[PDB]
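Asker: Take this sequence and fold it.
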Amino acid sequence: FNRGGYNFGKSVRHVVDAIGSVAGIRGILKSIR
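Answerer: Numbering: from 1, shown residues only. Shown next is the protein structure:
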C-alpha cells in the first residue's frame, strides 16, 4: 500500500469525484439493476 487507508485527504479527492460520479454510477445503475 501507500496511503495506508487511514488517510483523510487523498481519498477525499477520490470520493469528492464520487459525489459527481453518482450521475455516472447511480444513474447508470438503473441500467444495471
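
Asker: Every contact and neighbour count from this point should use C-alpha atoms.
Answerer: Noted.

Asker: What ranges does the chain have for its helices?
Answerer: Taking DSSP state H as the test, the helices found in the chain are 10-21, 26-29.

Asker: Residue 29 - how many residues pack around it?
Answerer: Residue 29 has 11 neighbouring residues, counting by other C-alpha atoms under 10 Å.

Asker: now swap in residue 18 and tell me
Answerer: Residue 18: 14 neighbours (other C-alpha under 10 Å).

Asker: returning to what we had before: what about the helices of the chain, which gets the closest to residue 3?
Answerer: Closest approach to residue 3 among those is made by helix 10-21 (8.1 Å; C-alpha to C-alpha).

Asker: Dump the C-alpha coordinates for the closest one into PDB.
Answerer: Extracted as PDB, the C-alpha positions of helix 10-21 are listed here (Å, rounded to 0.1, in the frame of the first residue of the first chain):
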ATOM      1  CA  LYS A  10      -6.300  12.000  -0.800                       C
ATOM      2  CA  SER A  11      -9.200   9.500  -0.600                       C
ATOM      3  CA  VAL A  12     -11.300  12.600  -0.100                       C
ATOM      4  CA  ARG A  13     -10.300  13.700  -3.500                       C
ATOM      5  CA  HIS A  14     -11.400  10.400  -5.000                       C
ATOM      6  CA  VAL A  15     -14.700  10.400  -3.000                       C
ATOM      7  CA  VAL A  16     -15.100  14.000  -4.000                       C
ATOM      8  CA  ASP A  17     -15.400  12.900  -7.600                       C
ATOM      9  CA  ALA A  18     -17.700  10.200  -6.400                       C
ATOM     10  CA  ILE A  19     -20.200  12.900  -5.300                       C
ATOM     11  CA  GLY A  20     -20.400  13.700  -9.000                       C
ATOM     12  CA  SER A  21     -19.700  10.100 -10.200                       C
END
